[PDB]
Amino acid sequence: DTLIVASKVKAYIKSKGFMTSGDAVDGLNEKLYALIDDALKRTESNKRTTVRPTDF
């Protein structure tokens, strides 16, 4: 499932004077899943069941 709002990612990239390839947002979606999986490991390592912003 896509967790990313493609239009908002493309908008931010455009605001900096860059373009986005057709498959760029797919790559970022993969990185986002990795960031979350890493955060869950940190949450568990601190004996918590609630993910906090500082866990990412």
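One-based numbering along the sequence shown.
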When the deposited Cα B-factors of this chain's modelled residues are ordered and cut into thirds, is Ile36 in the lowest, the middle or the highest one?
lowest
Which third, lowest, middle or highest, does the C-alpha temperature factor of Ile13 belong to within its own chain?
lowest
Looking at the temperature factor on the CA atom of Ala6, which third of the chain's modelled residues does it land in?
middle
Ranked C-alpha temperature factor of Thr49 among modelled chain residues, by third
middle
